[PDB]
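Working notes for the structure below.
These values consider heavy atoms only, across backbone and side chains, with no hydrogens, waters or symmetry-generated copies. Letters go in sequence order (proteins before strands), and every chain restarts at 1.
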Amino acid sequence: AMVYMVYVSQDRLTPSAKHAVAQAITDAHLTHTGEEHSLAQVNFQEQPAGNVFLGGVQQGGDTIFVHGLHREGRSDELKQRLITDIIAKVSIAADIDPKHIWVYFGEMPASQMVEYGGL
Amino acid sequence: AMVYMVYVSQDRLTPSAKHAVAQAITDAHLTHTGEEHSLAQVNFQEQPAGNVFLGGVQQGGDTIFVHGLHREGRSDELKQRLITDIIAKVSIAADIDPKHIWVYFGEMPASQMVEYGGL
Amino acid sequence: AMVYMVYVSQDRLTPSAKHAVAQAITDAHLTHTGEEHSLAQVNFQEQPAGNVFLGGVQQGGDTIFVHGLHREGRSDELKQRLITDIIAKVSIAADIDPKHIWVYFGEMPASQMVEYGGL
Amino acid sequence: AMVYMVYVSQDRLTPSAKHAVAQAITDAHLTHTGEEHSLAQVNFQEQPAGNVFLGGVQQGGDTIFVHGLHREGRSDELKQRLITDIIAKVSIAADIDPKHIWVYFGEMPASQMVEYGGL
Amino acid sequence: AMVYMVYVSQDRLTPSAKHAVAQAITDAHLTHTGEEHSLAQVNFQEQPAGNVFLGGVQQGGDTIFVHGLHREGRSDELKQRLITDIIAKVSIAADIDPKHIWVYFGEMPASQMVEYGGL
Amino acid sequence: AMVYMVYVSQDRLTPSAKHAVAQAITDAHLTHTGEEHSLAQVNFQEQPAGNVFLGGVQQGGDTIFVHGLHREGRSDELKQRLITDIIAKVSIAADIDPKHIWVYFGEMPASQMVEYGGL
Amino acid sequence: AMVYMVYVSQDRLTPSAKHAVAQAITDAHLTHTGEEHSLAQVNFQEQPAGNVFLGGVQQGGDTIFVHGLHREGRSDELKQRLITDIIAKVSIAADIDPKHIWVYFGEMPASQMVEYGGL
Amino acid sequence: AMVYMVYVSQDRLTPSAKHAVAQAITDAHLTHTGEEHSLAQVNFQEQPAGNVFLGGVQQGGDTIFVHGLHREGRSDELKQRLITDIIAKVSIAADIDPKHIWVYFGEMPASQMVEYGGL
Amino acid sequence: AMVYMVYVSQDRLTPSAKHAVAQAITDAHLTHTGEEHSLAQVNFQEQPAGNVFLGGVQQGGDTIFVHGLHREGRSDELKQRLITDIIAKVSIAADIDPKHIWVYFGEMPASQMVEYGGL
Amino acid sequence: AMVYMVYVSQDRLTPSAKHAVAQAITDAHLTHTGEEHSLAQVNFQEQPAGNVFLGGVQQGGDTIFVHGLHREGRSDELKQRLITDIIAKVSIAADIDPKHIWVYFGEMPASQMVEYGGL
Amino acid sequence: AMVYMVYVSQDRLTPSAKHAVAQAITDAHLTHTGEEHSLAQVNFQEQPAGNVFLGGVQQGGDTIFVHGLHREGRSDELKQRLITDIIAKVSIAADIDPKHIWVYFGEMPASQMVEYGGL
Amino acid sequence: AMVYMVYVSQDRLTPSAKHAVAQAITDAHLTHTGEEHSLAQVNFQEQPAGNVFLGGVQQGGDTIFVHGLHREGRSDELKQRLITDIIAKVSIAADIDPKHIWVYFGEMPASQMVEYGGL
Amino acid sequence: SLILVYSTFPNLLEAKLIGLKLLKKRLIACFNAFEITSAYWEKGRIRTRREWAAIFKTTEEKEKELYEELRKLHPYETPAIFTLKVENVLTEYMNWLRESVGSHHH
Amino acid sequence: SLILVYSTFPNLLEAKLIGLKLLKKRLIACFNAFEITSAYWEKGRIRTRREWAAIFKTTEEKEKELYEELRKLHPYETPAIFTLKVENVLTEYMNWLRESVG
Amino acid sequence: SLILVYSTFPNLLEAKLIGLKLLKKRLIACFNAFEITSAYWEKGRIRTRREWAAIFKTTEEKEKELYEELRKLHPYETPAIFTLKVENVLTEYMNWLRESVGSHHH
Amino acid sequence: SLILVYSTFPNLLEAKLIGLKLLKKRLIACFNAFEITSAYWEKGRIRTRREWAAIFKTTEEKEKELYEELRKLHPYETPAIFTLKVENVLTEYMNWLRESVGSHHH
Amino acid sequence: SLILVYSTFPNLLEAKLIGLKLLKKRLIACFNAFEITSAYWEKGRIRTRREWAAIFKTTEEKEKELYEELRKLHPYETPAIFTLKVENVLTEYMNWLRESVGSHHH
């Protein structure tokens, strides 16, 4: 049940686009992990357009940055397939160019990742 | 002086509830680290209700996600006690079900963590 | 092409100030990494003033927290210089007391950091 | 779903005693691992009395050797408690002096421990 | 020339079934290792039915536990393909449901594994 | 007080031959570990002739497989001397060709090896 | 049988106080290590008062520095408890304020620590 | 608050020279470590001249051996600079040729170094 | 050029015995290390008889503790031989029972060991 | 821009054969690395026929030994595919039996590999 | 006394230019290692012009490739200074553009590097 | 089937001398590795006399440099004996002062050393 | 005067959450919780379990409300809850205890 | 039109070598190789084996020469060699296909 | 002509901040800072200290303003500040320095 | 007498190559190079850069040739090059300096 | 007046020891040492060396004594020693500098 912070510009994703992007990341997570139970978090962080700079050049509202926070111990193969699936599914679900999508994965020991209060 | 990013929904925490949650996290930090000098940062990140999805399910304004950014080198027992205390104290301070609270701790070498400009 | 999340209060940085800060962070990234091409991302995350607590004390809108997400492998010396330059350059660009600037660097394997869709 | 090979002398444990020992080992595995489902294997390996030598001295039928095959990753504290509980619980269940019980734990990566055919 | 301990209930495998199960494990070992010379040991350990407990429930004579003792230094890929081949071939050779087959692999340094007296 | 599982064929070792083999393994253990107190366990595991296969070839009752379970931390030279001594001394004590003797040593942290109930 | 170098000022401890301090350290060593019989060494190193400087300030005869030389492998918890017990017990035995006691533990491989000539 | 054992010959340093040497080492420690207030200990160990042998040759009273006991984690560069500063500053303070000064640094985990009783 | 601190009782070694003991340790160091010319230091630390306690028992003047401070990197075999040679040679040179000799070796990185001022 | 030393007998490769062998190794390097820019070095080392011995038997001029010097950090998969591609392409380009081709890969840290003067 | 293999083209370096290049590499080696005794080996390996290919492009007789074979354990800063000095000093000594000079350093344990027959 | 590059001056070794040296190196490889089959490569690399510099001094044709490229995993003891044997055996075979023989061993993972085309 | 109410919990989090709730409602003055291991009969055999015990300190006037609240909050169906009486207590500590649950907070 | 010829090989090097030889002989214009695991009857029992499969693409007029040369080069004595016909194919790709093999 | 003004600082950050501030105010054209170790008398004995030195380059017209502003910003009570004169400077570099502080404000 | 010519370079290699070239041409007696960090205006904002500074020592007779050679070799378009005069120099050192660039080498 | 005296040394310890001896003798008020890399002709070819440079700050009246002592202490037979002139100095710094080497300390 790991979390994906999804950084996007306000008004770029309608409530249904958010739903699709969320379902896309969640399906990818389920597919490549062995969770069986669907418990991954997608957390949209919206900011006004023009708050993103690429190479010093101010951008519109097209960029999407997904910061994944994962338990450590998964193979490079698995992580590579998950990132690739995220790029493709979000590209479709958001009707957006893949070049606008960045995905970074951070890893932590499972013992210091607590979901649903640990209950 | 570690940093706790606290992702909550807009209008879920009043200014007094924010102070009490921040006081809970900071008190827990002092209690378990032994700083003696209270310097930790709590940085509230508010988003509209509906921006959080759990297993694909859009949420109301209840979920709280604490991302703690810490220096490495602390024991596993200290971190688990600190996480448990954060869940319990925030649950009481925010009048919220502990199942709505997620806590993740990421660690970095102390050399690449600078607070108060390093002065 | 690392990512710098920059957490600031709303209305603290004009559009031209945001550009000057983003330019300062990006210039420093180029300077110290030696990358020939400017591809780094500066991503501003604005919140209302009063959402930052230091030692349990609510702050105004003068705090700046920079969370840099970098590929691993760079020396301690390089990271130290880059952090110092970010603090100094941002202090000038934003006309802000350096004691108000915090900088944390997190590292990840390069193979799980995908910019521009990996294409 | 670890495996506990239990080496005992023939006719030392009645069918109901074997059940009581197996229950004691399995209960302790559940207790200390926190697994929600009881899937551990207790596998009794009976030999005629006189096949165990201690310090070169032939023994009767009172020796019990438990060889637990576990996934790696569990803390030293957890393993210590689980071993102590196996000794205590089996001593009661089998009505046997605890000085007659030996317990060795071997660890393997989880990816090369396949239970129930991996399905 | 590593050894597979195969734990089974008495009368569950006829002398020809033992031959088939032995040929199955040996072929799998040859296939996935580069031995060229066939020297792997299969060691059947028979015990009366009802000596196996799964989750505290006494079993009939259908369960098969294969404990592989291998030189360390083989890749996770190779070990995964070998286990899978063992499950399938033994399932056929013994005419048995795969869910009844457990396979654990232990690993040791080659210097402390001596076959055929080391001659 | 390590454990040596000795897998032999039924009726291959008389009660006196069992004592001499156990005396050989135990003497070798004391000689090379330096215990001073003789406490090691030799646990004979007998199976009917024909249960051992070598490269697919069913054997008579000659093969002997010693699985030594040891604490970690002993030198490579000590272990190789101990293995060599076990092969040679058992060969003489059991009147058996050394080519019929296999010796494997597995190692575990001393904390998870309890003998004589730990008392 | 570890060594405790105990640096104290000439005339601070009478022979009876030396006995008491030595027994306090030796009892603590016995308590927290598992050794059966007492073999640890306490080696008092006396110097004239005024030879100790703390933060540049010349002290009197009321400082005690215990340098313990131990084999590696003991848990952090054990070392904490043993240090705490030394400070508390020496404080009583020497009728000295605990703030005057410093304790440092250095660790070596057991193979390069030889007591009683190695005989 | 590290410890410097300083081995010198009786009568080589007057009390004023001891002060000067102690302050030189303490200042150097302050300089190259970041500690705010002076807490490091300098512990002079005097012995009669002739107790030092170099390459088998009995010396006079003009040798100084500084054994510094430090917490681990400091950079090689810092330790080099601090050693160099100790030799240069003690040389001036003791009016002694630097070739007569030896300096060794030993490192321990900070958890097993307790100053001022840990209070 | 390593350092040997040699803790002995006042009056136990005459100056000629000190020479003999010092040369025995220095010769052994020369023998087992490859160094060309003799540079190792032997530093006698005398204390009144009765300052040594073994298992809580006050000793007389016939105990010797050799604490050797060495650079890391030497083989276990070399260190064993050198320790053995020190005990045997000091035993002859001091006409003392070897059981009265203890020898501990501590190791440091060569970069933080400076002899002869580093010149 | 890594280097392949290619050891061959004089007159075995015409100037055009050298070109083909060089283009073969360079294409393989480009294919399996992500250089984009073609900068790998092929360095032919010619020696008279009969200078190569295999198993003590003097050879003709058919043997080709390729010593690759590579930056460390590439996966076993990638390195295995590159070697295989080198064997095949050189076999074609040189019209030579694959059994005559040896390929060893050495690896170094990138910081101590400088191409084109580092400019 | 490390070894520098210097791969150059025949007739590019006169006997005096060879001596000056060898003097440059050796001087740099002494300067940065601190040997004091000049013992390093420079071994020129000449091949006909046209045997070097860069990105598939056949070269003239200009390219120089230095393969330095060194003991491990030297700092990254020392190696980078040595490489830089080799490029610059060889460029001046050989009147060659630094872009024609490649320098690779490989490292080995000192135990498996024997010079001058080890005598 | 490791590779021994042997760097010698032209005309220093007759065809029969090269054979005797190659035989000596190959015999020593077999002797010390225990390989049943002789597959090692000895590869002579001849250069005109005067291309070797030692301490900046040009040499005649008497220098021999052996660069052995080995699979990793062999003990230090084994490598030490093999190097000593190469020096001794080559000295006799070539009738050459052993002070003229240098031997360096480089190690690589076995999976990236492909002999005989991997077939 | 002072009473001590003892209970046990399946983990630290459950113990702390309940203990903090009781403090928030001003029903206890403080708790002390410590790790324990226990055993008891359940479903035909002796079970062993690692738990957390807790001592809740309060005034005897609050005992009945405390029992009723603890019962509604406890994760166990039939929790251990019992009271130990105190023969004597330090005067100044009793005053601190009394204030913590005083009516002025409500 | 386009024809596909399928075969398996004991390892990637063998598949790669044979493919590069057929491309050098202009008998094929492309091949796609991929790793497989297979099972079949050999020594009176089902043998399993990890192999590499190869799909060779060429024009129909080259089928005879492709079959015969593949048989000469193949390490297996009785190798799997069979052809699949295609119903359709991109025009531009066919043109590139015909030019590569002539 | 060109003037060089030298000063030392307790750490890199302080040196950088002041140099960048002086650039922002168009009081200097450039600075070069480098790590030093120093010694001097302070409080009865010779102190050793790791510092950062900086050379600030500007025109002689700016020297008075530079001294005043540097003293206002410096962390040290009594800092080292002194001026070196240059005998010659590459013409085009002197033109670059002058423009950097020209009254046209760029 | 002695002059010092100061310049800066983008990296150590460039600094050393140029410094060795100047020695090879007998234009300077020696150089001392040290690592620096710098800042200056460029393209509308204050830039920061890590560099290597170098002090080239030579005779005043060589100054003009040195400036002209350094200008042709420098990787920067508008490099910093300026001269500091020396008030005094150790006699024997001046003699060593003079010999290093003496006409007898040419 | 303030003067700067420059020299180079083979290592840090040699630089620091001489610098501290000069302060002990009240011949300088301060030194700033920094690591350098150097090159110069020696024994027929250009040598490169890692060194430490030092700037010794003192008053003009001390220059002759400083030269003579620095010469006697230096590890080099022919060391680099030369003086730079200062055009301006912070008045409060100059007074601190003069007191450090004043006659009252002797």
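In this structure, chain D has a heavy atom under 4.5 Å from the side chain of F/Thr26, while its backbone stays farther away. For D/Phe105, the parts lying near chain F are the backbone and the side chain together; criterion is any non-hydrogen pair under 4.5 Å. Residue contact with chain D, scored on non-hydrogen atoms closer than 4.5 Å, is absent for F/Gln23. Interface remark: F/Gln10 contributes no atoms to any contact with chain D (heavy atom separation under 4.5 Å).
Interface residues of residues 87-97 of chain F toward chain D, defined by a heavy-atom distance below 4.5 Å: none.
Screening F/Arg71, F/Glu115, F/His70 against D/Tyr104 for a side-chain contact (heavy atoms from CB on, under 4.5 Å) leaves a single residue, F/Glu115.
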Using the rule given for side chain to side chain contact (heavy atoms under 4.5 Å, CB included), can you reason through D/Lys79 versus F/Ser111, listing the C-alpha separation, both sets of side-chain angles and the distance that settles it, and then say yes or no? CA-CA 9 Å; D/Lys79 295 182 286 192; F/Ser111 48; over 6 Å; no
Given side chain to side chain contact (heavy atoms under 4.5 Å, CB included), test F/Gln112 with D/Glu107 step by step and report yes or no. CA-CA 10 Å; F/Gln112 62 204 51; D/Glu107 289 164 297; 2.9 Å; yes
What verdict does the side chain to side chain contact (heavy atoms under 4.5 Å, CB included) test give for D/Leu54 and F/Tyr116, after you've listed the backbone C-alpha separation in whole Å, the side-chain angles of each residue and the deciding distance to 0.1 Å? CA-CA 10 Å; D/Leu54 301 185; F/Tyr116 303 101; 3.9 Å; yes
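Atom CD of F/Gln41 and atom CH2 of D/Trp102 lie 4.5 Å apart (nearest 0.5 Å). From D/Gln45, atom CD reaches atom CG of F/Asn43 across 10.0 Å, with rounding to the nearest 0.5 Å. The distance from the OH atom of D/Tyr7 to the CE atom of F/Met5 is 4.5 Å, given to the nearest 0.5 Å.
Within 6.0 Å of CD in D/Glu72 there are more than 12 heavy atoms belonging to other residues, nucleotides or ligands.
Across F/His37, F/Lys18, F/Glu46, the residue that shares the most heavy-atom pairs under 4.5 angstrom with chain D is F/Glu46.
Shortest non-hydrogen contact noted between F/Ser38 and D/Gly55 is OG-CA, 3.4 Å.
Among residue pairs with one or both ends in residues 53-64 of chain D, those qualifying as side-chain hydrogen bond (donor to acceptor under 3.5 Å, both in side chains) are D/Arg12-D/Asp62; sequence neighbours excluded.
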